[PDB]
Amino acid sequence: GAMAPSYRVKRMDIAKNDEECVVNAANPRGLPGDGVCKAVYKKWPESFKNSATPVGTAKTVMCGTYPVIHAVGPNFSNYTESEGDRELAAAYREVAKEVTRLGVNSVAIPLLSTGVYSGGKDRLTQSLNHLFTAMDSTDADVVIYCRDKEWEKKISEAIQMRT
Ligand SMILES: O=c1cc[nH]c(=O)[nH]1
Ligand SMILES: O=c1cc[nH]c(=O)[nH]1
Ligand SMILES: [Cl-]
Ligand SMILES: [Cl-]
């Protein structure tokens, strides 16, 4: 565990993280994909051996000794708001189980279903609150990675609100 488990946010490519493991915003088929998934494929392509896994689940594959946790959020283009919400919460609960099982002291995590799987909606608050529900009972240092300056400010504010 971390000495004083924390949440932080950074605005940069998750493929350059400084944590003991990474969460991929995966697709169910283990394909290179786009966005975070493509950056993860470039950096850790070995981790895509038998990484296919259903929506709402996480599957870890080692790249050397570095764990890549493939977390499959719902594509809100395909799911109803209600079913999508249930699967998005479930994907994060499976991430918390994997982070715990691995015994890591830190994890780099993107906001699932906020990019090409958002169904064109802003899901910062929805995705971040499911991340907190899952990760609050873990003792790993969590570092959330984002792209956009306005998202960094909103994520930082949500973290600081609780402290
Ligand atoms: O390929 C995919 C699927 C989900 N999320 C991404 O970032 N890329
Ligand atoms: O538009 C987006 C989606 C995810 N993360 C960001 O920082 N911006
Ligand atoms: Cl960067
Ligand atoms: Cl996404």
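Indices start at 1 and increase along the chain as displayed.
Yeah, the Cβs are placed from backbone N, Cα and C, and that goes for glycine too.
As recorded in the PDB entry, the features of this protein are as follows:
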- 1-3: expression tag (SEQADV)
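As given in Swiss-Prot:
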- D13, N27, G35, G115, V116, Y117: ADP-D-ribose binding site (BINDING)
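Per DSSP, the expression tag (1-3) is made up of 0 helix, 0 strand, 3 coil. Counting only same-chain residues six or more apart in sequence, the Cβ atoms lying under 8 angstroms from the Cβ of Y117 (ADP-D-ribose binding site) belong to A25, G73, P74, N75, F76, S77. According to DSSP, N27 (ADP-D-ribose binding site) sits in a coil region rather than a helix or strand. Note: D13 (ADP-D-ribose binding site) has non-local neighbours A39, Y145, i.e. same-chain residues 6+ apart with C-beta under 8 A of its own C-beta. Take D13, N27, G35, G115, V116, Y117, the residues named in the record as contacts for ADP-D-ribose: the widest Cα to Cα gap among them comes to 18 Å. There are 16 other Cβ atoms within 10 Å of the Cβ belonging to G115 (ADP-D-ribose binding site).
Only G115, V116, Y117, of the binding-site residues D13, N27, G115, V116, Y117, place a Cβ under 6 Å from an atom of ligand 4.
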